[PDB]
Amino acid sequence: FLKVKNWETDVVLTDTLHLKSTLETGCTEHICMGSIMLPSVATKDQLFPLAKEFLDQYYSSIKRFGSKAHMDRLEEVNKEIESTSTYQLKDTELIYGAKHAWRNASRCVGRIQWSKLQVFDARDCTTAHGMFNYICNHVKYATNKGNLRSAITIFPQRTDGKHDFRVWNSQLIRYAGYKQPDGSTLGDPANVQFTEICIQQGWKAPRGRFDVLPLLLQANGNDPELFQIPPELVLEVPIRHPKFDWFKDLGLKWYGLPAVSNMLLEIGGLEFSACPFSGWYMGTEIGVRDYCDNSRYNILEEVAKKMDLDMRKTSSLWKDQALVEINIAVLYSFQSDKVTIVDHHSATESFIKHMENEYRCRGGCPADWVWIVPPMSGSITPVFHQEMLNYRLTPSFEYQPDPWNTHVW
Ligand code: HEM
Ligand SMILES: CNCCc1cc(F)c(F)c(-c2cc(C)cc(N)n2)c1
Ligand SMILES: C[C@H](O)[C@H](O)[C@H]1CNc2nc(N)[nH]c(=O)c2N1
Ligand SMILES: [Zn+2]
């Protein structure tokens, strides 16, 4: 029953939820892995404990723990794991599972919204064309004319392992990356291997900067197939600044919809290898990481120039200065277009408030400080001063290998 303190407000919360934690962290009594980025076929023996554990908490959630329906659904799933060495979630259990996978995502600062999640059941999907259609409806719904809405589309669960449904894209909407004949990079350098894979599968690249990549969709473990998201469904925000009119000349833009498509959704021991989920952006994801990472668009160089800054001396903080302007611009541009976005101040404040709610009516809130604290201005946001216990609850979103390494073509 551990205590977590906030050192800006002196507020203490007692965490008991970590007792329900099952998985492991990577840390031991003698080493802390809290800054390691990635911390690391299922049988029927292992499957019923996970099913039972999940069904227990689901039925405890609808205020019917131990009722007759709980007992029968338990025996129903036990018997289905006998006959088929797997089982199928009810629609309701799927929606519960998915919302709590988000709820339990310790690295997500946006979880105050976790109960407002739109779950699209795509478990009847059979082909990549079907996936494409399901993803298009996801994009359109989640974008909602810029009034973004949280959503997840859940494709058939893994069965044997060689019939996985996979979205090969790391996110549904990402810009292309092209290495250049002079060794530099165009577009997004993070996607240069993926952009070449699309080209190997036949993508005709408009070798420019902000080229929306096509979907690479693998259905039932079959080879994956290319589809272009109808561009009218890809909402983009041209980035302008409220003071610097030359900022439009940068010609920057970003897409409104952050939609992670490479993670694995675990519910009651069932594994959903394709489960694209989307919300809305926190400003810093674009302004700081996408734009100013050295291995991403890396625009601190150009933006500092146009600001009339001292780029000779490291200690002039020209980088810090141009980083703020960039993030004022990302926010202003999204807001002026009525496209949902949250600033790292409002997002972190809501997460503290979210944390307070979880400690009250749930006994805790697993949280990964290394990821919750924004990548600029860390200590002028309240999460910097908030001790956080990280632990792995299930249902959960898990990392999984990139499919081009595991697939058998
Ligand atoms: C609703 C608005 C949301 C906001 C503002 C938000 C914010 C964020 C941010 C800033 C990150 C860190 C991303 C990065 O640094 O790369 C993150 C990570 C994450 N988000 Fe949220 N998110 C939202 C919605 C969602 C939804 C709907 C889901 C799932 C149903 C989700 C699940 C996750 C997960 C699992 C991670 C961790 C990814 C990883 O470990 O690589 N989020 N979120
Ligand atoms: C494989 N791990 C990916 C981590 C990641 C990368 C990324 F580029 C994102 F945009 C989001 C992300 C996701 C959601 C749902 C909301 C939000 N604000 N960000 C998360
Ligand atoms: C080394 C470190 O774990 C790695 O750079 C992490 C740090 N914290 C992060 N935090 C968020 N939100 N997103 C990230 O990609 C990372 N990267
Ligand atoms: Zn640790």
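Indexing begins at 1, ligand by ligand and atom by atom, following the structure's order. Along the sequence shown, residues are numbered consecutively beginning with 1.
Between the side chains of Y178 and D211, at least one donor N or O sits under 3.5 Å from an acceptor N or O. Of the N and O atoms on the side chains of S396 and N104, not one donor lies less than 3.5 Å from an acceptor on the other residue.
Classification of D91 and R123 as a salt-bridged pair holds, one side-chain N sitting under 4.0 Å from a carboxylate O. Between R73 and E76, at least one side-chain nitrogen of the basic residue sits less than 4.0 Å from a carboxylate oxygen of the acidic one, meeting the salt-bridge criterion. Salt bridge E358/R103: present, at least one basic N to carboxylate O contact under 4.0 Å.
Protein heavy atom nearest atom 4 (C) of ligand 1, with residue, atom name and distance: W280 O, 3.4 Å. Nearest non-hydrogen protein atom to atom 32 (C) of ligand 1 is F277 CE1, 3.4 Å. Ranking the protein heavy atoms by distance from atom 27 (C) of ligand 1 puts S278 O, 3.4 Å first. Counting protein heavy atoms only, atom 14 (C) of ligand 2 is closest to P258 O, 4.0 Å. Of all protein heavy atoms, the one lying nearest to atom 19 (N) of ligand 2 is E285 OE1, 2.7 Å. For atom 6 (C) of ligand 2, the closest non-hydrogen atom of the protein is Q171 NE2, 3.9 Å. Looking only at protein heavy atoms, the nearest one to atom 37 (C) of ligand 1 is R107 CB, 4.0 Å. Nearest protein heavy-atom contact of atom 38 (C) of ligand 1 is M263 SD, 3.8 Å. Among protein heavy atoms, atom 3 (C) of ligand 2 sits closest to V260 CG2, 3.8 Å. The protein heavy-atom contact nearest to atom 13 (C) of ligand 1 is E285 OE1, 3.6 Å. Nearest protein neighbour of atom 26 (C) of ligand 1, counting heavy atoms only, is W102 CE2, 3.3 Å.
Among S150, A142, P375, the residue whose heavy atom lies closest to atom 1 (C) of ligand 1 is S150. With distances taken over non-hydrogen atoms, the option nearest atom 8 (C) of ligand 1 out of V109, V119, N104 is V109. Counting only non-hydrogen atoms, the option in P374, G279, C108 that gets closest to atom 22 (N) of ligand 1 is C108.
Annotation for ligand 2: atoms under 4.0 Å from non-hydrogen atoms of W280 are 16 (C), 17 (C), 18 (N). Listed by number with element, the atoms of ligand 1 under 4.0 angstrom from any heavy atom of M282 are 10 (C). In summary, the atoms of ligand 2 found under 4.0 Å from a heavy atom of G279, numbered by their order in the structure, are 15 (C).
Taking the six-membered ring wherever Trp is involved, the centroid distance between the rings of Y175 and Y255 falls below 6.0 Å.
Among the atoms of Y399, some N or O lies under 3.5 angstrom from an N or O of ligand 1. Distances between N or O atoms of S278 and those of ligand 2 include no value under 3.5 Å.
With hydrogens and angles ignored, the 3.5 Å screen pairs a side-chain donor or acceptor of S261 with a backbone N or O of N169. With hydrogens and angles ignored, the 3.5 Å screen pairs no side-chain donor or acceptor of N262 with any backbone N or O of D402.
Under 4.0 angstrom from ligand 1, the non-hydrogen atoms of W371 all belong to its side chain. When heavy-atom distances to ligand 2 are checked against a 4.0 Å cut-off, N262 comes that close only through its side chain, counted from C-beta outward.
In this pair, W254 and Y297 present their aromatic rings perpendicular. The plane angle is above 60°, beyond the 30 to 60° band. The aromatic rings of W168 and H407 stand perpendicular to each other, their planes meeting at an angle above 60°, with 30° marking the opposite boundary. Using cut-offs of 30° and 60° on the angle between ring planes, the pair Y96 and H100 is parallel. Between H70 and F65, the two ring planes are perpendicular [angle over 60°; tilted spans 30° to 60°].
Under a cutoff of 6.0 Å and an axis angle of 45°, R149 and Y141 form a cation-pi pair.
Under the 4.0 angstrom criterion for non-hydrogen atoms, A151 is not in contact with ligand 1.
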